[PDB]
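A single chain, nothing else alongside it, follows as structure tokens in the form deposited in one PDB entry.
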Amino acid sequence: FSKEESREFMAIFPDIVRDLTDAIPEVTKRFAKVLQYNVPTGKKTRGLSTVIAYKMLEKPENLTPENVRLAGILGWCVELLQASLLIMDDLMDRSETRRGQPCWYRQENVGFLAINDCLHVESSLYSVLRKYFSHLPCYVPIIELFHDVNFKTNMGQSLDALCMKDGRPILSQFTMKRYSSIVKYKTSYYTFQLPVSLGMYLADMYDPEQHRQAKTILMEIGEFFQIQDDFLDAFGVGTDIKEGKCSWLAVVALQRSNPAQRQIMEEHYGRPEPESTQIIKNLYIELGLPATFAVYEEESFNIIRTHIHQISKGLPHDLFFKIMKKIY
């Protein structure tokens, strides 16, 4: 997560913009604006994770400036996929802002054009893959991984939507089993599996059992990341309560609620009125969810640490500890 790692990664971004525009002009001019607004925002943890994965998997003699740059181009393809997913999500959730910026669809003379922009950005990453990877053995595996992860992410987004009806949350749907499945499909595949598997393919590591071993730990890391994120939304302005999100806090609240407290969740969860958010926050404090999170965090850390030490098939343990360090 160092400043020098960020600068190395950002140095590639102008080339990505040139590749997808310069390299019908009013569309290409506009698309340069789409890319610069939506793609290089946030901390770029997923793109940087792709570069770090490659650096810790590849043979030192192969870690040339050229090959490290290729890993960066792969990282930007992950950031292109994310940008597409978040443009769509912000449209679907009718959100006002993301990471301090207005949601792309809310910008002047965007509106419903954000729908095509979402698909355009997703489509663009396969142009980048063709330009830089078409001559390599990792080309087809990388293409198939992106298509597979995109499909799985759409399945996650749909499962998330099946926890809401007529603008209200369906609290009967808020089970730990459904929560775990939403996090796995909607977040963990594209956030954790995709960067590491891309690093492995670029380092010409194709053993399916290596990818399966990596997947097992990265799905556990992914679940912790999202539970910590859900916790910090309320206790870390967080809008999960107002939005009626199937968050870990809401799932555990319903597990620990008596009938009177279940009725409070029924009446007040996913309501825009200021009194509702405050009533839910008060209930979360009353149910001792911060204390419950602290216990979960310790147990999960020790289980994941143990599982990383057990990773077989000659994978570097240090890669998973560096990722797991960044989360915790």
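Take the two forms, find the largest set of C-alpha atoms that superpose within 1.5 Å, and that set is the rigid core. Heads up: residue numbers just count along the shown sequence, starting at 1.
Keep in mind that the form deposited in another entry is not shown, yet the notes after this line are about it.
Please find the residue from 178, 211, 152, 242 showing a Cα shift of 2 angstroms or more between this form and the one not shown, rigid core superposed.
After core superposition, the one over threshold is 242.
Once the core is superposed between this form and the one not shown, does residue 296 show a C-alpha displacement of at least 2 Å?
Residue 296 C-alpha, core-superposed: shift of 2 Å or more.
Take the rigid core as the frame of reference and indicate whether the C-alpha of residue 67 shifts by 2 Å or more between this form and the one not shown.
The answer is no, as the C-alpha of residue 67 shifts between this form and the one not shown by less than 2 Å after core alignment.
Could you check, with the core superposed, whether the Cα atom of residue 131 shifts 2 Å or more between this form and the one not shown?
Stays below the 2 Å threshold, so no.
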